[PDB]
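Below: the structure, in structure tokens.
When reading the values below, keep in mind they use all heavy atoms of this one structure, side chains included, and skip hydrogens, waters and symmetry mates. Quick note on labels: first sequence line is chain A, next is B, and so on, each numbered from 1.
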Amino acid sequence: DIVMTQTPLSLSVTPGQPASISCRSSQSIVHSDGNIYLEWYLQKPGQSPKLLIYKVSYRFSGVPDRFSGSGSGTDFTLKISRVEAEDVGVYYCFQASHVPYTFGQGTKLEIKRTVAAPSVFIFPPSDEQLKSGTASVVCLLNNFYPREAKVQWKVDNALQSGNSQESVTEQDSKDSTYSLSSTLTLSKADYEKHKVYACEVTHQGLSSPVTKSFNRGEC
Amino acid sequence: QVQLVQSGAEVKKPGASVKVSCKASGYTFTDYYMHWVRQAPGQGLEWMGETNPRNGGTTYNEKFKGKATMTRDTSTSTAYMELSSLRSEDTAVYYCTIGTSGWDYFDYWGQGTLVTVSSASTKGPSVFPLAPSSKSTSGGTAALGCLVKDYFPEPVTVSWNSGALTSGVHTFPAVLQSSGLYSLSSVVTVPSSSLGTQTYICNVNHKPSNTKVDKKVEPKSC
Ligand SMILES: Cn1c(CNc2ccc(C(=N)N)cc2)nc2cc(C(=O)N(CCC(=O)O)c3ccccn3)ccc21
């Protein structure tokens, strides 16, 4: 089977700057009809792959002018003249010259935008969840850049360990930022042992850490 | 108006079978071959095979022979892929795709079907409001959401106001809890000025448990 090898594994580009991804086929890829069926696809998290380029150098209808494809033999290249926020995602090359048709392993393009501090929000548990015997407290860090952020839970000023989980979004296709949720989960008994619930956020965009807090039950 | 609409997420026990469907519309079904593509974490994107819709003729990627069986129903414009003797390793997103320009490219793709293979019990989610309050404001902006907790397996999909609200929505990737159940939140930022006139409802769908939950997120008086 033809092995498609992509290089680099990851790329981080400032908007307005060029991008270049390589594709190497383990053997030649000339179809029985004499054409080279080499395609490039872009896939965004949770979405289907979208067609960019076909037959090595042909750009698909509706695809921006900035994308171009080139190559011959066993070495192929996708080029973006000026990177834009909408270009984030994973780029895959694909050969359909020889059965079984095969894909490259993907190259992740990340957009190197300006620093953006997070907006911080805190949510006490709902009355419905409290009734069930559990308390989840959600801290939200919205639309920030870069990805690196430190969230610390403080309960009655005591630093917490082992009772929280965090999840980070993919980089946004419009503004190139990330969002992060950090959820502190306690039994109703443990939640009732303390009063002040706080999430302290550290990020490059902030001059000093930002604390968002509340007093349990007191509304 | 070309569309490929796949069947919903499925959860099956090891050894069982599953038949995934792909409803095609907006074109003459017999005009183009139907292809199936698997996307598994690690193995990546793999082309599984192609089906000739005119005669049901199939060409498989050798790796999937026996495992996958491709069929079609021209009368209903539906393509099917049946996976047999399911194992943990068969857990993946399966896409159907067509090419409308001979064999030049795959221009149309289905939304994908997640098939999870597990002996664990299917569990529907608990949906809790993340109410806007004085604690979830940022200079004219209010954040609100829904916490979708204790479900199995993936995926849950979240929409707001039946798909009418999409701007500023962040539906986080699921986390795996120590219990082996999943949890996620879906948040949205809106103007704090209109919390008294606008209605925000999250629509949580969990196809493996056949569950659909609509939760109205009410502003909190704190
Ligand atoms: C093997 N194969 C494929 C695979 N598709 C494919 C798409 C995209 C890609 C890719 N991604 N590069 C790679 C492969 N498409 C084919 C179309 C024909 C064909 O000529 N016709 C028209 C016949 C008439 O009307 O004269 C046809 C149409 C429907 C049923 C039967 N025959 C023959 C053979 C074909």
Side-chain angles (χ1 to χ4, degrees), chain A residues 1 31 33 35 37 39 41 43 45-51 53-55 58 60-61 90 92 94 96 99-106 119-130 132 134 136 138 140 142-143 165-170 172 178-181 183 185 212-214 218-219, chain B residues 4 35 37 39 44-50 59-64 95 97 99 101 103-112 126-133 135-139 141-145 147 149-150 155 168 170-177 183-185 187 189 220-222:
Chain A
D1 303 0
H31 185 276
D33 73 14
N35 301 323
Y37 293 98
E39 290 128 63
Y41 294 89
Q43 185 181 36
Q47 279 180 39
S48 304
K50 306 271 170 206
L51 178 63
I53 302 288
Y54 61 100
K55 299 186 287 170
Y58 302 82
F60 184 61
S61 172
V90 185
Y92 296 92
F94 174 73
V99 171
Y101 312 154
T102 51
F103 292 90
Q105 83 295 339
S119 289
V120 182
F121 307 92
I122 198 171
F123 302 93
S126 61
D127 295 328
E128 29 270 271
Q129 189 194 22
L130 279 176
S132 81
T134 301
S136 302
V138 179
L140 170 68
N142 210 43
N143 303 348
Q165 296 193 270
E166 55 172 69
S167 190
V168 197
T169 64
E170 60 269 31
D172 181 76
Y178 296 94
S179 292
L180 182 146
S181 67
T183 307
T185 306
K212 233 69 187 176
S213 67
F214 68 90
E218 293 203 318
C219 299
Chain B
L4 298 180
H35 302 253
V37 177
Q39 193 171 27
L45 284 165
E46 295 187 270
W47 172 87
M48 300 175 78
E50 60 193 20
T59 295
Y60 292 88
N61 172 333
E62 183 238 44
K63 193 180 172 168
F64 298 101
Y95 292 102
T97 187
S101 172
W103 48 90
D104 301 336
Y105 47 69
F106 294 145
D107 55 325
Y108 292 100
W109 293 75
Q111 82 280 19
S126 294
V127 177
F128 304 114
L130 290 170
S133 81
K135 298 307 176 173
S136 56
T137 67
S138 168
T141 298
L144 59 98
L147 169 62
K149 202 183 172 86
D150 301 339
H170 292 118
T171 297
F172 290 91
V175 287
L176 177 66
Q177 296 177 290
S183 183
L184 67 71
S185 275
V187 299
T189 51
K220 224 78 181 75
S221 297
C222 354

Any side-chain heavy-atom pair from [X] and [Y] closer than 4.5 angstrom?
X: B/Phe172; Y: A/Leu140; value: yes
X: B/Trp47; Y: A/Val99; value: yes
X: A/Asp1; Y: B/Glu62; value: no
X: B/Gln177; Y: A/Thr183; value: no

Where does [X] contact chain A at under 4.5 Å (heavy atoms): side chain, backbone, both or neither?
X: B/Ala131; answer: backbone
X: B/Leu147; answer: side chain
X: B/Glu50; answer: side chain

(message) Within this structure, what is the CG-CZ distance for the pair B/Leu130 and A/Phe121, rounded to the nearest 0.5 Å?
(response) 12.5 Å
(message) How long is the straight-line distance from OH of A/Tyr41 back to CH2 of B/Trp109, given to the nearest 0.5 Å?
(response)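 B/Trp109 CH2 to A/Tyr41 OH: 6.0 Å, rounded to 0.5 Å.
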(message) Between A/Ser48 and B/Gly110 (side chain of the first, backbone of the second, donor and acceptor by atom type, cut-off under 3.5 Å), is there such a pair?
(response) yes
(message) Counting heavy-atom pairs closer than 4.5 Å to chain B, which one of A/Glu218, A/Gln129, A/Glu166 comes out on top?
(response) A/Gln129
(request) I would like to know whether B/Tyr105 and A/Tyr58 meet ring-ring contact (aromatic ring centres under 6.0 Å, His included); could you show each step before the answer? (result) CA-CA 11 Å; B/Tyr105 47 69; A/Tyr58 302 82; over 10 Å; no
